[PDB]
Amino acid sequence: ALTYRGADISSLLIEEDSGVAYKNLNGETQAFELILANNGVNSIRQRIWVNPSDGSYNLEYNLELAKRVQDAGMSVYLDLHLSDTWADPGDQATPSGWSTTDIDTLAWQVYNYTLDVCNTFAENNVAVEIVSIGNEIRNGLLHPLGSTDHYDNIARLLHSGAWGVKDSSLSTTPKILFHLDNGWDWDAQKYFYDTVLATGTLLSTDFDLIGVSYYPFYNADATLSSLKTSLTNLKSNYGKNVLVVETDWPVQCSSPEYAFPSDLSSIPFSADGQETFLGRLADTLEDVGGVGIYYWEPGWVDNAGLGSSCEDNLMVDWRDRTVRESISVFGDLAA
């Protein structure tokens, strides 16, 4: 069985501030994190941004969301984007005020930052289970200094961020996770890990978990079989537990931009299809000794496509703000 049965619900506070209330499987209005907790979710992933101009996903935002997560009995995974806005393989902008010219200065800013985030959580008695040093960092982070022209710099920054967490006053130190996209692509994963470890600046002991994104709708090569091989290879090569920290499956996808992978093409687009997909993903992870799955943004009703070419990847119907049956998939898999 999976250790982490998770969801990323970072959008929740913004959706609430836009007037969204969610109706549960009992037909009752209920706080979204309590709906999840009562339906088998035991951990919540939260994106953190450094100095966003409108406050979205900033430190205060995340402290309040984490308090609610903890009140609901769930563990907290902080996904540090180390940017003022979305960090992904096509965007890794250095925060306003941080250095774009001096790697020594930037390394100290990253260290100070992750220490300050963690000590803010400690000071407020919020335990955190996992922290990622960056989001989807296969093409580096904190550009231009942390681009793939300078893997030596990337290693320094990861080292610094990780030790900021290790030096924090949290009573139990979080597991430190490194997160790359394209989890199904073993050669890409291997190239990154082998290269940052060879610099001499990142220690093999600096991180505890390897996390990957896994989506079915951006590339037909994303078969479950390739994911299985990649996860197996990651665990055996680097000696770290592995998990899927982002995934989605559509209830509606009328005009996909990319063909779906061959071993997933019989799964329907529906709530039942979401469950079948997740059940197969969970079995796949179990087979290989993987430890978690986090569903990405199940309740983001203003953004049902979640950035993909599909109409709707949510576990909540935007038309009536009511959860779909797939919201209980993790509980269903127990039982």
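Residue indices: 1-based, along the sequence shown.
Between 310 to 318 and 6 to 14, the higher mean Cα B-factor belongs to 310 to 318. Averaged over Cα atoms, the B-factor as recorded in the entry is higher for 193 to 201 than for the other of 193 to 201 and 155 to 163. Among 83, 172, 247, 109, the highest C-alpha B-factor in the deposited entry belongs to 172. If you compare the C-alpha temperature factors of 213, 75, 135, 230 in the entry, 230 comes out highest. Residue 235: CA B factor in the highest third of modelled residues in this chain (values from the PDB entry). Among the modelled residues of the chain, residue 28 sits in the highest third by CA temperature factor in this PDB entry. Annotation for residue 288: CA B-factor lies in the highest third of the chain's modelled residues. In the PDB entry, a CA B factor belonging to the highest third of its chain's modelled residues is recorded for residue 221. In the deposited entry, the Cα temperature factor of residue 144 places it in the middle third of its chain's modelled residues.
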